[PDB]
Every structure is written in structure tokens, then in C-alpha cells.
Amino acid sequence: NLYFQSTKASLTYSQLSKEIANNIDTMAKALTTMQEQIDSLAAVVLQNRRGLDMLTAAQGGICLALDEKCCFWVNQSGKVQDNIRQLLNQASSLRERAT
Amino acid sequence: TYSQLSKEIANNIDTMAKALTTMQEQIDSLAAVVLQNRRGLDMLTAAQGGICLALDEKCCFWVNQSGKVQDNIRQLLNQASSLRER
Amino acid sequence: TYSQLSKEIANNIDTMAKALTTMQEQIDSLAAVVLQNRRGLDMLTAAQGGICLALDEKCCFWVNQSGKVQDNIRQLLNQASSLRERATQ
Ligand SMILES: [Cl-]
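Residues numbered from 1 in each chain as written, not as in the entry; some residues may be left out. Chains lettered and ligands numbered in written order. Heavy atoms only, no water.

- Per the PDB entry, the recorded name for chain B is Syncytin-2, and the organism is Homo sapiens.
- Per the PDB header, the entry is named "Crystal structure of human syncytin 2 in post-fusion conformation".

- As annotated in the PDB entry, chain A is Syncytin-2 from Homo sapiens.

Following this line, the structure appears as C-alpha cells:
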């Protein structure tokens, strides 16, 4: 009698962890696609920057022409890619245990 | 324990789906400014045939993927709804 | 088990919040470069009243939502925290 209640509970947690694993996978897809868009947008931005620096070359670039502290992009694609790989590993580990 | 944990997961998926929504909204919003900036530079170097020819560089284009992200959000909201119904 | 699952869920929440924090940092970093690029173009077309008037186009402005994202990140870190507290009891 105690066996059946513990196995019915074990089955619910096995099924619940399979759902969590599918939610994690969906979240990893979303972050991958968003990082791809950030990487894509950044290359356009940096080319726009080089373009503005060329047009103001005699003034020493756009930041000196604007008389401002220069803004630089901080690429962090590697760390986001690591966060995604960790989520993908956490999901496969849960899907493994539940089976 | 259970159903409480199931509701807590769905609450977490919801705040996740919302975070991704406002993140995609910012990408879309920034991209429009960048594309208008590009048209601005292509206009200023119209004689040379645009900014990429004036720079003597392979041109960069943004690959918009909002639809794929919006679909992931939809799927996340369907996943949270399932855990609440059961 | 209940406690081992909520401890796994909370670790996953921490990874998501970490991913969103890094993603928002990059958006904020990139946006400062694009708004300086816009100020650069408005300076170059100052006689025409800016790049939007020079292009004769509806002007695009960036809608900054970092605060709203940072609010959701804090909400996630509280959910991971509560799941860890409830895992013991
Ligand atoms: Cl730009």
C-alpha cells in the first residue's frame, strides 16, 4: 500500500520534470535566436560607426567631432552561449533522470 | 507540495515569457533606429554608391528574427497554461 | 523527489536570470553606440535640421525598457529563492 503511493508520486515527478525539460529547451531556443539578432544588429552598428569615423576622419572620428566620451560595444556572445549550453545540459540531465 | 510547485513553475514561465517579450521589443525598437541610421549614411555617400562602397567593405545587413522569437514566447505561454489547467 | 526538483528548478531560474542580465547589458551597451551614431548624423545634417528631416522620414526613437527587464530579473531571483526556502520544509 505504501509502495503504490510512493510510485504514483515518483511517476508524477518524472512527468513534471519532462515538462520542465521541454520548457528549458524552448527558453534556450528563444535566447539563441535573440543572441543571433544582437550579433547581427551589432555588425550593422559597428559598420555605421566606421562609416561615421571615415566621414569625420579630419576631426579624428565621430566622438571627437561630437566632443563626447566615446561609446564602445561590449560583445558578450560567448557568455550568453555558455548560459544557453548550461540550460540545454540542465534539460537533458532532467530528461535522462525522468527516464 | 505538488500543484503548488506546478503553479510556481507556471508563474516563473510567465515572468520568463514577459522578459523575452520586452527584450524582443527593445531589439525591434533599436533595429529601426539602426536601419534609419544606415539610410542616413547611404544618403550622405550617395555619390560613392552608399556607405559600404565608400568604406570598401562587404556590406552588413540585419537579419530580423522577431517571428521565431514571438513563436517561442507563444509556446512558453501554452506550456504555462497546461501546468495551471492540470 | 520534491526537494531535489525545486532545487533543480531554482538552479535553472538562476541560469535564465544570468542569461537575461547579460542579454540586457549587451542591448544597453549597443543602444549607447546607436544613439551616439544618431547624434553624429544629426550633427552632420545640422543645417537640414537633423538626419530624419534630411531623409524626409518619420523619425525613429529607441524605447529603453532596461528597468522593466531588471524588474523581471529581480522577480525571477525571488522565485528561485522562495523555491529553495520551500525545498527544506
Ligand atoms: Cl547605428
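Okay, back to it.
A few points about the UniProt feature "disulfide bond" in chain B
Point 1. UniProt pairs B:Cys52 with B:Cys59 in a disulfide, and the structure agrees, placing their sulfur atoms 2.1 Å apart, under the 2.5 Å limit.
Point 2. The class for B:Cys52 is buried, based on a relative accessible area of 7%. (Disulfide = S-S within 2.5 Å. UniProt positions renumbered as here; feature names shortened; annotations may be inferred. Buried < 20%, exposed > 50% of the residue type's maximum accessible area, 1.4 Å probe, protein only.)

Topic: the side chain of A:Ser17
Point 1. As for its placement among the helices and strands, A:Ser17 is situated in helix 1 (residues 2-55).
Point 2. At 3.0 Å, the side chain of A:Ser17 forms a polar contact with the backbone oxygen of A:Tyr13. (Helix = DSSP H or I, 4+ residues; strand = E, 2+ residues; numbered from the N terminus. Polar contact = N/O pair within 3.5 Å; in protein donor to acceptor, adjacent residues only side chain to side chain.)

Digging into the packing of aromatic side chains
Point 1. Applying the stated criterion across every chain yields a total of 2 aromatic pairs over all chains.
Point 2. Relative to A:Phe4, the ring of A:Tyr3 has its centre 5.2 Å away and its plane inclined at 85 degrees; by these criteria the two rings are edge-to-face.
Point 3. Residue classification places A:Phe4 among the partly exposed residues on the basis of a relative accessible area of 48%.
Point 4. Each ring, one from A:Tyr13 and one from B:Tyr2, has its centre 6.3 Å from the other, and the planes form 75 degrees; the classification is edge-to-face. Linking A:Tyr13 in helix 1 with B:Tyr2 in the segment before helix 1 (4-44), this pair reaches from one chain into another.
Point 5. A residue is classified by how much of its surface remains accessible, and B:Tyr2, at 38% relative accessible area, is partly exposed. (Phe/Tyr/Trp six-rings, centres within 6.5 Å; stacked < 30°, edge-to-face > 60°.)

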